[PDB]
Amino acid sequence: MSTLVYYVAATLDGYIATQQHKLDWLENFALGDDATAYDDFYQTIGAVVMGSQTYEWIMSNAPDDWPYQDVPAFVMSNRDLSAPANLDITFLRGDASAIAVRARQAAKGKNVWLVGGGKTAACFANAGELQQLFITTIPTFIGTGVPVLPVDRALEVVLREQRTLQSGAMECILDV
């Protein structure tokens, strides 16, 4: 009922990060005003969900500014991680149907935003639990990197919306 949406910025080579998990390619390229505005998307979200890698990247890179304080956060790991005792975060593991249902509830009928990364998104997809994708594409190939959706087997999707920006950047919504 509440949808698992994977909202993610990707290279033409289908990488969400460079091999050393950097993101210059994106932060160094101006998107343009014509781009669907972040708040318009976030407003449709009452739950974020992610992996151990993406989390450590927000904490190391933005320590005193969590970006999802509005909403409950799920960080996937099989480790013994803790977060700042003020922040709204719950560490889960194992199967993804169970995680999904937990995540959907906490969304309170708004959508669950799979922030990433690939490994994690792949995990949900592998379980048929991932529903739609929102890829902003940057006009560049980095050659090697963090796979956007490393599924075990081929995932058929259905283009639903597609914009091209004046910047050469590109946005598209796809349904599983």
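Counting begins at 1, following the sequence as shown.
Open item on the list: Mean CA temperature factor from the deposited coordinates, higher in 24 to 32 or in 43 to 51?
Closed with: That would be 24 to 32.
Open item on the list: Per the entry's values, where does residue 119 land by CA temperature factor relative to the rest of its chain, in the lowest, middle or highest third?
Closed with: Lowest third of the chain for residue 119's C-alpha B-factor.
TODO: Quick one: classify residue 107 as lowest, middle or highest third of the chain based on its Cα B-factor.
DONE: Its C-alpha B-factor, which the entry lists for residue 107, ranks in the highest third among residues of this chain.
TODO: Grab the CA temperature factor for residue 58 from the record and place it in the lowest, middle or highest third of its chain.
DONE: It falls in the middle third of the chain.
- [ ] Could you tell me which third, lowest, middle or highest, the C-alpha B-factor of residue 1 occupies within its chain?
- [x] For residue 1, the deposited C-alpha B-factor lands in the highest third.
- [ ] Quick one: classify residue 159 as lowest, middle or highest third of the chain based on its Cα B-factor.
- [x] For residue 159, the deposited C-alpha B-factor lands in the highest third.
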